[PDB]
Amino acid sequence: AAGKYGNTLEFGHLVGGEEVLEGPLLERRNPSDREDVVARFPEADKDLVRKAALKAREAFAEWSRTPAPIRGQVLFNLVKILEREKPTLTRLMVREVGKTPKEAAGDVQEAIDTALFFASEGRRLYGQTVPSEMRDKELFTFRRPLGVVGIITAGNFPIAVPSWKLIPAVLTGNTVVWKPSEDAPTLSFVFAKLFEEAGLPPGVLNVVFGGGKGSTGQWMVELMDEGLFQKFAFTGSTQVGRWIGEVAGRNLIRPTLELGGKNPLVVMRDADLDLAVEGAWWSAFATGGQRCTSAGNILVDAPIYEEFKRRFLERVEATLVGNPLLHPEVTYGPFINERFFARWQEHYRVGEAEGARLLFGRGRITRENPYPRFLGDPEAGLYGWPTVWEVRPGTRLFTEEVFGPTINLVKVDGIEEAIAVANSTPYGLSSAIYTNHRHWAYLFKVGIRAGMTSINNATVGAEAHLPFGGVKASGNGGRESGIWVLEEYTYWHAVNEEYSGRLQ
């Protein structure tokens, strides 16, 4: 078929390098305009996943024992292919998940950067030579591939965040089974095909499509109990993370777990207001607030509270919203999926119930409830009014993660107290402070309990060559970019060579 803004594509799983149309058909509709159908694709039953894992096990023998620098050459080709395809993938990603074209070119770019980074790590992966305490004896360490990796990914960063996992996994000589978000199946099929074209041998990467709970994603976790995975990486909700953590736990796997957060952004009295407003604004409404790292609470220092709040609302009022395929100028578009739209709609009622003051936002944008800076037709999909609250700490709006274009303001007095309030959340992913006093940035830097912190910078837009990850309910201690991710996809082999003829 042709769809409304492009072709409807039908395709199967990729197992040992073949297409496999095996299972009930699902379909992904353009979230910006649900009349456009983007793709049609099977639900992998659990036995197909079992097969995919075992093609991966067969492929690992040859791939793992392929020279690491030659594995790098595959990634180098991928860098080139990704570069070529960057305009295509940008178009497709606006169609399939409703990111703005600026943000979507950015997504693709991070995969390009990731691929370049690891092409080169083919000739690094440094281990150690160590001095023995004994004469006539040498000591070594060596990073070794774990085996078959199972990977589950969300759809809000559908090329970038998969690449953080897929690329270092195959570079260190592992083999992969990948279950991508039913929100972005076409991009995943493509990205798997780009990898094929780049030279990845068949079976090294296998892709199985489907849903999460009661679907493929769950079957996929359950297979850790049959020992088909030597490693597992997941991006998603803390509820699901804890479960996957437990399953990996009893099967002696360290899993990688990016689990979202409630990201504090502090604005001290001595801050540059315009800059801090631009950063709160962008932290809140980038990707329509559907980022692990989107800001949950702006903590504004009491002296500047009123002035900040007036300027922030001015800025929020200006947010454009709309079909980013038809209106590239727009700040954000639709909800990626139905599930986030629903949780976000409920957040209004929890707010009113616990007594938050709603400063701006009239829930879902529709004909009967139109939004002044909307562009296009708000009924073609699920779009949300920008939303702003004032909230007491301790409350549920304050502590619980809510994907969607919502942000809270909170009045704080101390730096003392700003730090205490910033920490009053089960999460600990991302954080930010806007200030000019060296001492104030120092105290927050070391007083916050987060895995990432920004000074005079948004909670979003971490650079791709720094360790990405959260502490507390935001993850289990692993990190995803740079040299730090090598701990995730390898283990330490320790070797001692005796050249004397003596026991010692």
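When you see a residue number, it is the position in the sequence shown, counting from 1.
As the entry records it, the average C-alpha temperature factor is higher for 368-376, out of 167-175 and 368-376. Residue set 473, 458, 26, 452: peak C-alpha B-factor at 26 (per PDB entry). The PDB entry gives the largest Cα B-factor of the residues 147, 150, 426, 203 to 203. For residue 262, the recorded CA B-factor ranks within the middle third of the chain. Only modelled residues enter the ranking. Among the modelled residues of the chain, residue 444 sits in the lowest third by CA temperature factor in this PDB entry. For residue 135, the recorded CA B-factor ranks within the highest third of the chain. Only modelled residues enter the ranking. Remark: residue 398 belongs to the lowest third of its chain, ranked by C-alpha B-factor as recorded. Residue-level temperature factors show residue 477 in the highest third of its chain, judged at the C-alpha atom.
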